[PDB]
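Here's a solo chain for you in structure tokens, the form deposited in one PDB entry.
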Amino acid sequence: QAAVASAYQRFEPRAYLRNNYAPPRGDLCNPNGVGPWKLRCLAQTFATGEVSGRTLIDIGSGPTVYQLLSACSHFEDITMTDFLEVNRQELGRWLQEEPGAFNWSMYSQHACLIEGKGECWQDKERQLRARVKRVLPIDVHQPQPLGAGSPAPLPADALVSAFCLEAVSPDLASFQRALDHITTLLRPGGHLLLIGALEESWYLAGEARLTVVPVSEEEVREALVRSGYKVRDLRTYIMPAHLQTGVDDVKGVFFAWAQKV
């Protein structure tokens, strides 16, 4: 992981956001787009109402919040995390509504649209901003991901992770441990909403050029099982030609709803 942590030193938030959350990938008007698909996944899952609790931790958040727009309405205590201060500064820049904050409103609007509870998007961002108490550092490679004195309520009633594990591990085995490490932050019976890349080996972020470990849905399933989870749901989005730009070589996106037994 020496090489890994060494590559993310050049990782630029603004470029990453521009590469994955601005058009075309950041267009939500097209129903078949990858953004609507992800929001539908989270919305639908929480819509079952069978994923609930007090505290929630977002593993490997980076500069994005979209992954919590639906969840933020089922957990009062939300803990966001990331390995780079640079990302925690960008996140903060959005949370404290500072200047130069990324514009996630398209994603907020689409979440309100999908949930169908007549909620305006300003009110949703408001609620999300309120339930996010802290933004802490994390290293999914450490046996104890958050360290020791962490202000984060452990265990957590639920964990949310999108595009992290596979993007920070050099091999399957490394990805397999990384999963276990965060699985220690969840109480049994708890839930895991995991989103990740499929068969991707690299992606860019400004000056950074990161190496990803190419995982398949079958391997993701097998690792969840081989980690103490029951697969409640496992979905695959096959990346469409028009969303295959020069920013990476991702072939698809997966969503898994896993419960720690």
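Numbering starts at 1 and runs along the sequence shown. Here, rigid core means the biggest group of C-alpha atoms that superpose within 1.5 Å across both forms.
S.K.: Name the higher of the two by mean Cα B-factor in the PDB entry, 150-158 versus 109-117.
M.R.: Comparing averages over the C-alpha atoms only gives 150-158.
S.K.: Which has the higher mean CA temperature factor in the PDB entry, 161-169 or 181-189?
M.R.: Stretch with the higher mean C-alpha B-factor: 181-189.
S.K.: Going by what the PDB entry lists, where does residue 48 fall on CA B-factor within its chain: lowest, middle or highest third?
M.R.: Its C-alpha B-factor, which the entry lists for residue 48, ranks in the highest third among residues of this chain.
S.K.: Could you say whether, by C-alpha temperature factor, residue 85 belongs to the lowest, middle or highest third of its chain?
M.R.: Highest third of the chain for residue 85's C-alpha B-factor.
S.K.: Can you tell me whether residue 61 has a C-alpha B-factor in the lowest, middle or highest third compared with the other modelled residues of the same chain?
M.R.: Residue 61: CA B-factor falls in the middle third of its chain.
S.K.: In terms of the CA temperature factor given in the entry, to which third of its chain does residue 55 belong: lowest, middle or highest?
M.R.: Highest third of the chain for residue 55's C-alpha B-factor.
S.K.: Within this chain, which third does the Cα B-factor at residue 40 fall in: lowest, middle or highest?
M.R.: Lowest third of the chain for residue 40's C-alpha B-factor.
We do not show the form deposited in another entry, though everything after this point is about it.
S.K.: State which of the options 28, 198, 204, 195 undergoes a Cα shift of 2 Å or more between the shown form and the other one, taking the core as fixed.
M.R.: Single hit from the list, 204.
S.K.: Which way does the C-alpha gap of residue 63 and residue 208 go in the other entry, closer or farther, given it changes by 3 angstroms or more?
M.R.: Compared with this form, residue 63 and residue 208 lie farther apart in the other entry.
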